[PDB]
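Structure record follows, encoded as structure tokens.
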Amino acid sequence: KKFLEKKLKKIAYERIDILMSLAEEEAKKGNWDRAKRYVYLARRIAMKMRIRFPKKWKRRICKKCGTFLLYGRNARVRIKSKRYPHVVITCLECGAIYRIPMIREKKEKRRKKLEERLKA
Amino acid sequence: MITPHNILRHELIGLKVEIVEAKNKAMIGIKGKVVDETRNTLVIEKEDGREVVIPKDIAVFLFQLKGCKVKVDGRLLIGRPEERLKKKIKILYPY
RNA sequence: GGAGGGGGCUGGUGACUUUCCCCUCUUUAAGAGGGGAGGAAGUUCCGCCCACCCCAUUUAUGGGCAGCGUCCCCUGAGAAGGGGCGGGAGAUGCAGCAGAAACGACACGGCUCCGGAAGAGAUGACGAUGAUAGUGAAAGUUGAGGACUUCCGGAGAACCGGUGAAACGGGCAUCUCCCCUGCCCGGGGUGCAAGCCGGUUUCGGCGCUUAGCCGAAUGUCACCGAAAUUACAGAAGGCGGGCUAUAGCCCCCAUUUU
RNA sequence: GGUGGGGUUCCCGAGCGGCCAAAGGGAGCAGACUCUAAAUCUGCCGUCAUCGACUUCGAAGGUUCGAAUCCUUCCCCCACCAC
Ligand SMILES: [Zn+2]
């Protein structure tokens with residue numbers, strides 16, 4: 001007999017998904033403080049459950065203030081790859097600026113191009 | 001999915017709710033969704049447009065799931081939902 | 001007006017019995033009078049009076065306490081509750097995974113130089129997963145008959161870390177010292193079931209009480225009042241601080257409400 | 001009234017803030033073994049009962065990235081005291 005198929009960490013991951021989806025759904029209405037409360041509760045349950053953030057909702061939030069970042073409204077997203085490949089998220093509310101360095105994927109593409117050169 | 005057994009640990013925010021019994025007479029008859037949740041308090045926005053502050057331990061709640069309607073005391077919902085999903089065991093005896 | 005939280009108080013008089021107790025008193029042995037559990041007695045976290053044992057007789061050195069109200073942090077229906085008190089140095093830890101890197105800085109990749117290999121002179125390599133290209137190069141403006149390149153290894157002035165709660169740099173907690181301010185000087189250890197005496201195993205007396213039992217006394221009823229024996233709940237050497245649980249009224253604060 | 005302590009699996013008992021880390025022993029079940037049984041060994045060991053994963057460390061609150069563990073409160077269990 002199997003009554004409990006869903007464990008504590010599974011319901012924790014479901015609460016992560018539901019809370020951050022409701023954060024996105026409520027952040028577009030005009031209440032950024034309610035969305036900050038959702039991100040704060042999701043971050044508190046992430047540090048409490050010792051579970052990692054999903055890669056979908058990972059870069060959509062700010063670590064300093066906690067505002068859910070709408071790209072374009074209160075978040076400026078620019079891709080610069082002259083010196084090193086990076087995608088920069090800029091919070092318009094407080095001013096915290098984060099980025100996405102892509103050096104090792106460029107290294108993998110570079111090794112694939114070296115293999116295509118040496119085979120040819 | 002949200003189950004009637006794990007509704008003691010599922011998140012209450014984002015679910016329609018009505019209360020059926022309470023000691024406050026004017027509390028009976030409200031219908032709305034859950035927005036904010038603290039240790040023994042729900043902040044419920046009515047369909048009419050009024051925000052109400054409902055204590056949990058004085059009333060019983062009927063949560064509307066995907067088709068389901070589950071009646072749970074707020075005495076079972078004691079604690080912040082953070083600590084409630086940590087682990088909260090509540091055993092109630094209405095003698 | 002209704003659940004709840006905090007603060008204040010918890011007895012007096014009259015009658016019965018020494019056969020509820022203790023003390024005092026006279027008197028044909030029995031009576032009369034007075035007093036008799038509280039805010040916590042519980043919890044034992046502590047300190048002092050009182051004792052013994054050691055060092056010492058010292059405010060020279062040194063030891064102990066405090067920085068209150070205020071403020072900060074955390075959780076509640078935001079009234080209320082709990083914790084803390086200044087600054088520096090040294091050491092440890094922030095597991096596992098991830099990340100270049102987990103507590104002092106660094107090795108590492110983008111940047112510059114050198115050596116080797118491969119392609120190439122109106123050709124070809126590369127390039128919207130960004131080209132010659134600039135800025136204090138976190139960041140932002142730029143966006144292509146743009147265009148001379150790419151890799152590996154070694155050495156270096158400045159800038160940068162897809163991760164995680166927390167990062168070329170500032171944090172957190174613990175421990176020990178020196179930098180302050182004010183007060184007080186015997187320092188430790190055990191504790192009244194300590195300690196002392198008749199006795200010399202075992203017992204009785206002191207510590208012991210404007211209540212003072214120890215095989216653990218403080219009884220019953222009515223009433224003024226409305227603070228009342230109703231809830232938590234009971235002394236044991238005494239006093240002061242803090243915690244825990246609530247009966248009745250008073251005061252203050254909050255949600256629903258109108 | 002007083003001091004020094006302990007509460008973890010059915011019972012006796014360990015455990016650095018960290019992957020059921022939960023040492024374990026005895027017990028139950030199953031395997032193995034034996035003509036049968038004892039002893040030895042192996043897995044479940046609380047549950048699904050193959051790997052593996054989740055819950056319980058007396059109870060609550062709080063700190064923390066995270067509690068058997070660190071702090072506070074509520075408790076109980078020991079040991080010995082009249083001379
Ligand atoms: Zn911001």
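Here, A, B, ... name the chains of the structure tokens in the order displayed, residue numbers run from 1 inside each chain, and ligands are numbered from 1 in the same displayed order.
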Who sits within 9 Å of residue B:35, only C-alpha atoms (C1' of nucleotides), same chain under 6 positions skipped, as a list in words: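 My reading of the contact set: residues 34 of chain A; 12, 13, 14, 15, 42, 43, 44 and 45 of chain B.
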12 Å contact set for residue A:87, only C-alpha atoms (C1' of nucleotides), chain neighbours under 3 positions out, as a list in words: residues 59, 76, 77, 78, 79, 80, 81, 82, 84, 90, 97, 98, 99, 100, 101, 102 and 103 of chain A; 129, 139 and 162 of chain C
List every residue of chain A that has an atom at most 10 Å from any atom of chain B, giving for each one its closest atom pair and the distance in Å to one decimal, counting only C-alpha atoms, sorted by chain and then by ascending residue number, as a Markdown table.
```
| residue | atom | partner | partner_atom | distance |
| --- | --- | --- | --- | --- |
| A:3 | CA | B:5 | CA | 9.7 |
| A:4 | CA | B:6 | CA | 9.2 |
| A:6 | CA | B:6 | CA | 9.1 |
| A:7 | CA | B:6 | CA | 9.9 |
| A:8 | CA | B:85 | CA | 7.8 |
| A:9 | CA | B:85 | CA | 9.5 |
| A:11 | CA | B:10 | CA | 7.2 |
| A:12 | CA | B:85 | CA | 7.4 |
| A:14 | CA | B:1 | CA | 8.3 |
| A:15 | CA | B:11 | CA | 6.4 |
| A:16 | CA | B:11 | CA | 9.8 |
| A:18 | CA | B:11 | CA | 8.4 |
| A:19 | CA | B:13 | CA | 8.1 |
| A:22 | CA | B:14 | CA | 7.3 |
| A:34 | CA | B:36 | CA | 8.6 |
| A:37 | CA | B:36 | CA | 8.7 |
| A:38 | CA | B:36 | CA | 9.2 |
| A:41 | CA | B:82 | CA | 7.6 |
| A:42 | CA | B:82 | CA | 9.2 |
| A:44 | CA | B:82 | CA | 7.4 |
| A:45 | CA | B:82 | CA | 6.1 |
| A:46 | CA | B:82 | CA | 9.9 |
| A:48 | CA | B:86 | CA | 7.4 |
| A:49 | CA | B:86 | CA | 7.3 |
```
Using N, CA and C atoms, can you write the selected residues to a file as an mmCIF file, in the first residue's frame?
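And here's again.cif as it stands now:
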```cif
data_model
loop_
_atom_site.group_PDB
_atom_site.id
_atom_site.type_symbol
_atom_site.label_atom_id
_atom_site.label_comp_id
_atom_site.auth_asym_id
_atom_site.auth_seq_id
_atom_site.Cartn_x
_atom_site.Cartn_y
_atom_site.Cartn_z
ATOM 1 N N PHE A 3 0.315 5.270 0.249
ATOM 2 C CA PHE A 3 -0.540 6.442 0.467
ATOM 3 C C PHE A 3 0.255 7.720 0.219
ATOM 4 N N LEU A 4 1.454 7.804 0.790
ATOM 5 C CA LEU A 4 2.322 8.969 0.629
ATOM 6 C C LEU A 4 3.329 8.688 -0.478
ATOM 7 N N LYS A 6 4.266 11.453 -2.384
ATOM 8 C CA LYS A 6 4.962 12.732 -2.419
ATOM 9 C C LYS A 6 5.600 13.003 -1.064
ATOM 10 N N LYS A 7 6.894 13.296 -1.076
ATOM 11 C CA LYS A 7 7.668 13.479 0.141
ATOM 12 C C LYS A 7 7.725 14.957 0.517
ATOM 13 N N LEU A 8 8.565 15.269 1.508
ATOM 14 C CA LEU A 8 8.662 16.644 1.992
ATOM 15 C C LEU A 8 9.392 17.537 0.993
ATOM 16 N N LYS A 9 10.479 17.027 0.404
ATOM 17 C CA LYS A 9 11.255 17.816 -0.550
ATOM 18 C C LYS A 9 10.494 18.014 -1.857
ATOM 19 N N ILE A 11 7.096 18.316 -2.138
ATOM 20 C CA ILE A 11 6.120 19.373 -1.877
ATOM 21 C C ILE A 11 6.830 20.713 -1.688
ATOM 22 N N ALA A 12 8.076 20.683 -1.202
ATOM 23 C CA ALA A 12 8.874 21.907 -1.124
ATOM 24 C C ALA A 12 9.208 22.456 -2.510
ATOM 25 N N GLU A 14 7.405 21.854 -5.182
ATOM 26 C CA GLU A 14 6.123 22.324 -5.705
ATOM 27 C C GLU A 14 5.751 23.690 -5.135
ATOM 28 N N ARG A 15 6.071 23.935 -3.861
ATOM 29 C CA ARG A 15 5.802 25.240 -3.263
ATOM 30 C C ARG A 15 6.705 26.310 -3.865
ATOM 31 N N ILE A 16 7.969 25.958 -4.148
ATOM 32 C CA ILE A 16 8.875 26.833 -4.903
ATOM 33 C C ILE A 16 8.269 27.225 -6.248
ATOM 34 N N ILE A 18 5.049 27.004 -7.342
ATOM 35 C CA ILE A 18 3.787 27.735 -7.219
ATOM 36 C C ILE A 18 4.020 29.160 -6.732
ATOM 37 N N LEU A 19 4.901 29.341 -5.737
ATOM 38 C CA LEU A 19 5.154 30.678 -5.212
ATOM 39 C C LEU A 19 5.851 31.565 -6.232
ATOM 40 N N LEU A 22 3.228 32.452 -8.949
ATOM 41 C CA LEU A 22 2.349 33.499 -8.436
ATOM 42 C C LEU A 22 3.089 34.822 -8.282
ATOM 43 N N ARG A 34 4.273 43.057 -3.057
ATOM 44 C CA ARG A 34 3.711 41.721 -2.891
ATOM 45 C C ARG A 34 4.597 40.678 -3.560
ATOM 46 N N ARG A 37 7.452 40.099 -1.407
ATOM 47 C CA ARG A 37 7.062 39.184 -0.335
ATOM 48 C C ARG A 37 7.073 37.729 -0.808
ATOM 49 N N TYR A 38 6.615 37.477 -2.045
ATOM 50 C CA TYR A 38 6.667 36.119 -2.596
ATOM 51 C C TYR A 38 8.103 35.634 -2.768
ATOM 52 N N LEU A 41 9.527 34.865 0.688
ATOM 53 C CA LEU A 41 9.062 33.589 1.231
ATOM 54 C C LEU A 41 9.679 32.405 0.490
ATOM 55 N N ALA A 42 9.843 32.525 -0.833
ATOM 56 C CA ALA A 42 10.467 31.454 -1.605
ATOM 57 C C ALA A 42 11.951 31.325 -1.277
ATOM 58 N N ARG A 44 13.227 32.144 1.671
ATOM 59 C CA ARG A 44 13.264 31.595 3.023
ATOM 60 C C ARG A 44 13.010 30.091 3.017
ATOM 61 N N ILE A 45 12.133 29.613 2.132
ATOM 62 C CA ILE A 45 11.909 28.169 2.086
ATOM 63 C C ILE A 45 13.037 27.477 1.321
ATOM 64 N N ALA A 46 13.768 28.220 0.482
ATOM 65 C CA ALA A 46 14.940 27.647 -0.177
ATOM 66 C C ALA A 46 16.100 27.477 0.798
ATOM 67 N N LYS A 48 15.645 27.217 4.008
ATOM 68 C CA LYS A 48 15.184 26.313 5.057
ATOM 69 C C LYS A 48 15.236 24.855 4.604
ATOM 70 N N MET A 49 14.791 24.572 3.373
ATOM 71 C CA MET A 49 14.687 23.182 2.933
ATOM 72 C C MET A 49 16.019 22.625 2.444
#
```
12 Å contact set for residue D:27, only C-alpha atoms (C1' of nucleotides), chain neighbours under 4 positions out, as a PyMOL selection string: chain D and resi 9-12+45
Check: which chain D residues lie within 12 Å of chain B using only C-alpha atoms (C1' of nucleotides), as an NGL selection string: :D and (55 or 59-61 or 66-67)
Mind writing the picked residues with C-alpha atoms (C1' of nucleotides) as a PDB file, in the first residue's frame?
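To be explicit, this is the file written out as out_20.pdb:
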```pdb
ATOM      1  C1'   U D  55      10.198   9.820   9.952  1.00  0.00           C
ATOM      2  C1'   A D  59       7.993  18.821  24.293  1.00  0.00           C
ATOM      3  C1'   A D  60       7.581  23.962  22.580  1.00  0.00           C
ATOM      4  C1'   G D  61       9.719  28.654  20.977  1.00  0.00           C
ATOM      5  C1'   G D  66      20.612  23.919   7.953  1.00  0.00           C
ATOM      6  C1'   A D  67      19.184  21.346  14.641  1.00  0.00           C
TER       7        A D  67
END
```
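The list of chain D residues within 12 Å of chain A is residues 18, 19, 47, 48, 49, 53, 54, 55, 64, 65, 66 and 67 of chain D; this uses only C-alpha atoms (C1' of nucleotides).
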Output for the residues just chosen: N, CA and C atoms (P, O5', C5', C4', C3', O3' and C1' of nucleotides) as a PDB file, in the first residue's frame:
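What follows is the written file again.pdb:
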```
ATOM      1  P     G D  18      27.239  17.876  11.983  1.00  0.00           P
ATOM      2  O5'   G D  18      26.010  17.015  11.440  1.00  0.00           O
ATOM      3  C5'   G D  18      24.799  17.639  11.023  1.00  0.00           C
ATOM      4  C4'   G D  18      24.524  17.438   9.549  1.00  0.00           C
ATOM      5  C3'   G D  18      25.532  16.574   8.798  1.00  0.00           C
ATOM      6  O3'   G D  18      24.869  15.896   7.732  1.00  0.00           O
ATOM      7  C1'   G D  18      25.542  18.765   7.900  1.00  0.00           C
ATOM      8  P     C D  19      24.232  14.438   7.966  1.00  0.00           P
ATOM      9  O5'   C D  19      23.916  13.915   6.494  1.00  0.00           O
ATOM     10  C5'   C D  19      22.946  14.558   5.681  1.00  0.00           C
ATOM     11  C4'   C D  19      23.048  14.111   4.245  1.00  0.00           C
ATOM     12  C3'   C D  19      22.896  12.616   3.998  1.00  0.00           C
ATOM     13  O3'   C D  19      21.543  12.191   3.961  1.00  0.00           O
ATOM     14  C1'   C D  19      24.785  13.428   2.820  1.00  0.00           C
ATOM     15  P     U D  47       8.604  -1.907   9.664  1.00  0.00           P
ATOM     16  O5'   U D  47       8.009  -0.930   8.555  1.00  0.00           O
ATOM     17  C5'   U D  47       6.659  -0.489   8.611  1.00  0.00           C
ATOM     18  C4'   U D  47       6.388   0.596   7.600  1.00  0.00           C
ATOM     19  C3'   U D  47       6.719   0.254   6.156  1.00  0.00           C
ATOM     20  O3'   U D  47       5.710  -0.523   5.534  1.00  0.00           O
ATOM     21  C1'   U D  47       7.559   2.410   6.675  1.00  0.00           C
ATOM     22  P     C D  48       6.069  -1.951   4.893  1.00  0.00           P
ATOM     23  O5'   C D  48       6.243  -1.637   3.342  1.00  0.00           O
ATOM     24  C5'   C D  48       5.213  -0.983   2.618  1.00  0.00           C
ATOM     25  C4'   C D  48       5.767  -0.184   1.466  1.00  0.00           C
ATOM     26  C3'   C D  48       6.646  -0.946   0.490  1.00  0.00           C
ATOM     27  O3'   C D  48       5.938  -1.762  -0.425  1.00  0.00           O
ATOM     28  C1'   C D  48       7.698   1.088   1.051  1.00  0.00           C
ATOM     29  P     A D  49       6.508  -3.226  -0.766  1.00  0.00           P
ATOM     30  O5'   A D  49       7.759  -3.376   0.213  1.00  0.00           O
ATOM     31  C5'   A D  49       9.005  -3.885  -0.245  1.00  0.00           C
ATOM     32  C4'   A D  49      10.056  -3.802   0.834  1.00  0.00           C
ATOM     33  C3'   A D  49      10.804  -5.094   1.138  1.00  0.00           C
ATOM     34  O3'   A D  49      11.890  -5.324   0.255  1.00  0.00           O
ATOM     35  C1'   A D  49      10.046  -4.129   3.159  1.00  0.00           C
ATOM     36  P     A D  53      19.816   7.423  -0.437  1.00  0.00           P
ATOM     37  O5'   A D  53      18.307   7.866  -0.178  1.00  0.00           O
ATOM     38  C5'   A D  53      17.672   8.824  -1.013  1.00  0.00           C
ATOM     39  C4'   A D  53      16.176   8.838  -0.813  1.00  0.00           C
ATOM     40  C3'   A D  53      15.679   9.312   0.545  1.00  0.00           C
ATOM     41  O3'   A D  53      15.617  10.726   0.633  1.00  0.00           O
ATOM     42  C1'   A D  53      14.531   7.335  -0.092  1.00  0.00           C
ATOM     43  P     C D  54      15.866  11.478   2.033  1.00  0.00           P
ATOM     44  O5'   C D  54      14.499  11.292   2.834  1.00  0.00           O
ATOM     45  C5'   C D  54      13.378  12.131   2.586  1.00  0.00           C
ATOM     46  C4'   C D  54      12.125  11.586   3.227  1.00  0.00           C
ATOM     47  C3'   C D  54      12.054  11.664   4.747  1.00  0.00           C
ATOM     48  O3'   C D  54      11.627  12.931   5.220  1.00  0.00           O
ATOM     49  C1'   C D  54      11.431   9.492   4.032  1.00  0.00           C
ATOM     50  P     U D  55      12.153  13.499   6.630  1.00  0.00           P
ATOM     51  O5'   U D  55      11.403  12.612   7.724  1.00  0.00           O
ATOM     52  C5'   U D  55      10.053  12.872   8.090  1.00  0.00           C
ATOM     53  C4'   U D  55       9.601  11.966   9.209  1.00  0.00           C
ATOM     54  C3'   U D  55      10.351  12.113  10.526  1.00  0.00           C
ATOM     55  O3'   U D  55       9.861  13.175  11.328  1.00  0.00           O
ATOM     56  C1'   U D  55      10.198   9.820   9.952  1.00  0.00           C
ATOM     57  P     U D  64      19.360  34.377  12.486  1.00  0.00           P
ATOM     58  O5'   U D  64      20.232  33.229  11.809  1.00  0.00           O
ATOM     59  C5'   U D  64      21.637  33.161  12.015  1.00  0.00           C
ATOM     60  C4'   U D  64      22.165  31.780  11.729  1.00  0.00           C
ATOM     61  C3'   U D  64      21.908  31.257  10.324  1.00  0.00           C
ATOM     62  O3'   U D  64      22.847  31.740   9.377  1.00  0.00           O
ATOM     63  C1'   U D  64      21.332  29.593  11.910  1.00  0.00           C
ATOM     64  P     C D  65      22.344  32.474   8.037  1.00  0.00           P
ATOM     65  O5'   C D  65      21.436  31.376   7.320  1.00  0.00           O
ATOM     66  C5'   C D  65      21.117  31.463   5.938  1.00  0.00           C
ATOM     67  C4'   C D  65      20.916  30.088   5.349  1.00  0.00           C
ATOM     68  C3'   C D  65      20.483  29.017   6.341  1.00  0.00           C
ATOM     69  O3'   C D  65      19.083  28.992   6.556  1.00  0.00           O
ATOM     70  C1'   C D  65      22.329  28.227   5.089  1.00  0.00           C
ATOM     71  P     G D  66      18.484  28.770   8.030  1.00  0.00           P
ATOM     72  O5'   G D  66      18.696  27.216   8.312  1.00  0.00           O
ATOM     73  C5'   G D  66      17.896  26.252   7.647  1.00  0.00           C
ATOM     74  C4'   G D  66      18.479  24.866   7.737  1.00  0.00           C
ATOM     75  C3'   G D  66      18.597  24.278   9.133  1.00  0.00           C
ATOM     76  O3'   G D  66      17.368  23.745   9.595  1.00  0.00           O
ATOM     77  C1'   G D  66      20.612  23.919   7.953  1.00  0.00           C
ATOM     78  P     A D  67      17.068  23.624  11.168  1.00  0.00           P
ATOM     79  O5'   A D  67      16.704  22.083  11.350  1.00  0.00           O
ATOM     80  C5'   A D  67      16.472  21.525  12.637  1.00  0.00           C
ATOM     81  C4'   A D  67      17.605  20.623  13.057  1.00  0.00           C
ATOM     82  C3'   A D  67      17.370  19.857  14.348  1.00  0.00           C
ATOM     83  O3'   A D  67      18.103  18.634  14.296  1.00  0.00           O
ATOM     84  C1'   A D  67      19.184  21.346  14.641  1.00  0.00           C
TER      85        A D  67
END
```
Surroundings of ligand 1 up to 10 Å, based on only C-alpha atoms (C1' of nucleotides) and all ligand atoms, as an NGL selection string: :A and (36 or 61-69 or 74-75 or 90-97)
Emit the selected residues as a short mmCIF file (atom, residue, chain, number, x, y, z; two decimals), in the first residue's frame, including N, CA, C and O atoms.
```cif
data_model
loop_
_atom_site.label_atom_id
_atom_site.label_comp_id
_atom_site.auth_asym_id
_atom_site.auth_seq_id
_atom_site.Cartn_x
_atom_site.Cartn_y
_atom_site.Cartn_z
N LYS A 36 7.80 41.06 -3.99
CA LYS A 36 8.96 40.99 -3.10
C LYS A 36 8.69 40.08 -1.91
O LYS A 36 9.58 39.35 -1.47
N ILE A 61 15.24 36.96 -10.26
CA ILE A 61 15.11 37.66 -9.00
C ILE A 61 16.41 38.37 -8.66
O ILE A 61 17.47 38.08 -9.24
N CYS A 62 16.32 39.32 -7.74
CA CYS A 62 17.50 40.03 -7.27
C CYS A 62 17.88 39.55 -5.87
O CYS A 62 17.01 39.31 -5.03
N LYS A 63 19.18 39.40 -5.63
CA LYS A 63 19.65 38.88 -4.35
C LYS A 63 19.73 39.98 -3.29
O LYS A 63 19.63 39.69 -2.09
N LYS A 64 19.91 41.23 -3.72
CA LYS A 64 20.08 42.32 -2.76
C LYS A 64 18.74 42.74 -2.16
O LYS A 64 18.54 42.67 -0.94
N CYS A 65 17.82 43.20 -3.00
CA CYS A 65 16.55 43.72 -2.50
C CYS A 65 15.49 42.63 -2.41
O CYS A 65 14.77 42.54 -1.40
N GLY A 66 15.37 41.79 -3.44
CA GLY A 66 14.36 40.76 -3.47
C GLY A 66 13.19 41.03 -4.39
O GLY A 66 12.16 40.35 -4.28
N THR A 67 13.30 42.02 -5.28
CA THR A 67 12.22 42.31 -6.21
C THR A 67 12.27 41.36 -7.40
O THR A 67 13.34 41.11 -7.98
N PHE A 68 11.11 40.80 -7.75
CA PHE A 68 10.99 40.01 -8.97
C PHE A 68 11.18 40.93 -10.17
O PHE A 68 10.46 41.92 -10.32
N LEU A 69 12.14 40.59 -11.02
CA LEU A 69 12.62 41.49 -12.06
C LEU A 69 11.90 41.22 -13.38
O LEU A 69 12.12 40.18 -14.01
N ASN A 74 11.61 46.82 -14.82
CA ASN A 74 12.53 47.12 -13.73
C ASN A 74 13.80 46.28 -13.83
O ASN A 74 14.47 46.03 -12.82
N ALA A 75 14.14 45.85 -15.04
CA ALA A 75 15.36 45.08 -15.27
C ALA A 75 15.83 45.32 -16.69
O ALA A 75 15.07 45.20 -17.65
N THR A 90 20.32 44.24 -14.85
CA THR A 90 20.45 45.47 -14.07
C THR A 90 19.12 45.82 -13.43
O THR A 90 18.13 46.06 -14.13
N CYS A 91 19.10 45.85 -12.10
CA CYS A 91 17.89 46.17 -11.35
C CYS A 91 17.66 47.68 -11.37
O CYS A 91 18.55 48.45 -11.01
N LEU A 92 16.46 48.09 -11.77
CA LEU A 92 16.14 49.51 -11.83
C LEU A 92 15.62 50.03 -10.50
O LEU A 92 15.56 51.25 -10.30
N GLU A 93 15.25 49.14 -9.59
CA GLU A 93 14.68 49.57 -8.31
C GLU A 93 15.76 50.06 -7.36
O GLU A 93 15.76 51.22 -6.94
N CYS A 94 16.69 49.18 -7.00
CA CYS A 94 17.73 49.56 -6.04
C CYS A 94 19.04 49.91 -6.73
O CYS A 94 19.69 50.90 -6.37
N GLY A 95 19.44 49.12 -7.73
CA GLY A 95 20.68 49.35 -8.44
C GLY A 95 21.66 48.21 -8.42
O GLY A 95 22.81 48.39 -8.85
N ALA A 96 21.27 47.04 -7.92
CA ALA A 96 22.15 45.88 -7.93
C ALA A 96 22.27 45.33 -9.35
O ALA A 96 21.28 45.16 -10.06
N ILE A 97 23.51 45.04 -9.74
CA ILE A 97 23.84 44.66 -11.11
C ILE A 97 24.53 43.31 -11.10
O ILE A 97 25.61 43.17 -10.51
#
```
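Using only C-alpha atoms (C1' of nucleotides), the part of chain C that sits within 7 Å of chain A is made up of residues 110, 130, 162 and 165 of chain C.
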Using only C-alpha atoms (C1' of nucleotides), I'd like every residue of chain B that has an atom within 9 Å of chain C; please write them out as an mmCIF file with N, CA and C atoms, in the first residue's frame.
```
data_model
loop_
_atom_site.group_PDB
_atom_site.id
_atom_site.type_symbol
_atom_site.label_atom_id
_atom_site.label_comp_id
_atom_site.auth_asym_id
_atom_site.auth_seq_id
_atom_site.Cartn_x
_atom_site.Cartn_y
_atom_site.Cartn_z
ATOM 1 N N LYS B 23 -16.345 32.070 15.609
ATOM 2 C CA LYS B 23 -16.990 32.659 16.778
ATOM 3 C C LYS B 23 -17.459 34.080 16.477
ATOM 4 N N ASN B 24 -16.779 34.764 15.562
ATOM 5 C CA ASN B 24 -17.220 36.067 15.083
ATOM 6 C C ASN B 24 -18.385 35.874 14.122
ATOM 7 N N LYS B 25 -19.486 36.585 14.374
ATOM 8 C CA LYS B 25 -20.704 36.362 13.602
ATOM 9 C C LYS B 25 -20.606 36.975 12.211
ATOM 10 N N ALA B 26 -19.913 38.109 12.089
ATOM 11 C CA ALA B 26 -19.818 38.773 10.793
ATOM 12 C C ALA B 26 -18.752 38.138 9.912
ATOM 13 N N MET B 27 -17.893 37.296 10.490
ATOM 14 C CA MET B 27 -16.879 36.605 9.700
ATOM 15 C C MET B 27 -17.513 35.549 8.802
ATOM 16 N N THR B 38 0.417 34.810 7.649
ATOM 17 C CA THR B 38 1.296 34.793 8.810
ATOM 18 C C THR B 38 0.768 33.752 9.791
ATOM 19 N N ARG B 39 1.421 33.705 10.966
ATOM 20 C CA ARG B 39 1.481 32.517 11.828
ATOM 21 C C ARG B 39 0.102 31.976 12.194
ATOM 22 N N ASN B 40 -0.850 32.864 12.445
ATOM 23 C CA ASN B 40 -2.244 32.486 12.636
ATOM 24 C C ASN B 40 -3.172 33.487 11.958
ATOM 25 N N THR B 41 -2.835 33.900 10.734
ATOM 26 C CA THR B 41 -3.606 34.952 10.078
ATOM 27 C C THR B 41 -3.544 34.808 8.562
ATOM 28 N N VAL B 53 -8.830 40.575 7.469
ATOM 29 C CA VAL B 53 -7.776 39.937 8.247
ATOM 30 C C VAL B 53 -8.432 38.873 9.118
ATOM 31 N N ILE B 54 -8.232 37.610 8.769
ATOM 32 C CA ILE B 54 -8.940 36.494 9.380
ATOM 33 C C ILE B 54 -7.955 35.736 10.270
ATOM 34 N N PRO B 55 -8.183 35.682 11.581
ATOM 35 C CA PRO B 55 -7.384 34.788 12.428
ATOM 36 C C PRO B 55 -7.771 33.335 12.201
ATOM 37 N N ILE B 58 -9.669 30.750 15.443
ATOM 38 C CA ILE B 58 -11.028 30.974 15.923
ATOM 39 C C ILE B 58 -12.052 30.410 14.936
#
```
Residues within 9 Å of residue C:186, only C-alpha atoms (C1' of nucleotides), excluding chain neighbours under 2 positions, as a PyMOL selection string: chain C and resi 56-58
With N, CA, C and O atoms (P, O5', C5', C4', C3', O3' and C1' of nucleotides) retained, export the selected residues as a PDB file, in the first residue's frame.
```
ATOM      1  P     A C  56      50.460  32.120  52.900  1.00  0.00           P
ATOM      2  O5'   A C  56      49.738  33.537  52.787  1.00  0.00           O
ATOM      3  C5'   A C  56      49.845  34.326  51.610  1.00  0.00           C
ATOM      4  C4'   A C  56      48.767  35.379  51.553  1.00  0.00           C
ATOM      5  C3'   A C  56      48.894  36.520  52.549  1.00  0.00           C
ATOM      6  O3'   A C  56      49.799  37.530  52.140  1.00  0.00           O
ATOM      7  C1'   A C  56      46.700  35.675  52.629  1.00  0.00           C
ATOM      8  P     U C  57      50.683  38.303  53.236  1.00  0.00           P
ATOM      9  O5'   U C  57      49.657  39.316  53.917  1.00  0.00           O
ATOM     10  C5'   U C  57      48.988  40.299  53.142  1.00  0.00           C
ATOM     11  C4'   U C  57      47.744  40.811  53.828  1.00  0.00           C
ATOM     12  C3'   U C  57      47.954  41.845  54.924  1.00  0.00           C
ATOM     13  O3'   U C  57      48.063  43.162  54.406  1.00  0.00           O
ATOM     14  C1'   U C  57      46.430  40.169  55.660  1.00  0.00           C
ATOM     15  P     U C  58      49.497  43.831  54.115  1.00  0.00           P
ATOM     16  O5'   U C  58      49.355  44.406  52.634  1.00  0.00           O
ATOM     17  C5'   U C  58      49.158  43.528  51.530  1.00  0.00           C
ATOM     18  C4'   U C  58      48.299  44.138  50.452  1.00  0.00           C
ATOM     19  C3'   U C  58      47.217  45.103  50.933  1.00  0.00           C
ATOM     20  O3'   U C  58      47.041  46.116  49.947  1.00  0.00           O
ATOM     21  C1'   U C  58      46.209  43.319  49.767  1.00  0.00           C
TER      22        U C  58
END
```
DSSP strand (DSSP E) selection over chain A, as a ChimeraX atom specification: /A:75-80,86-91,97-101
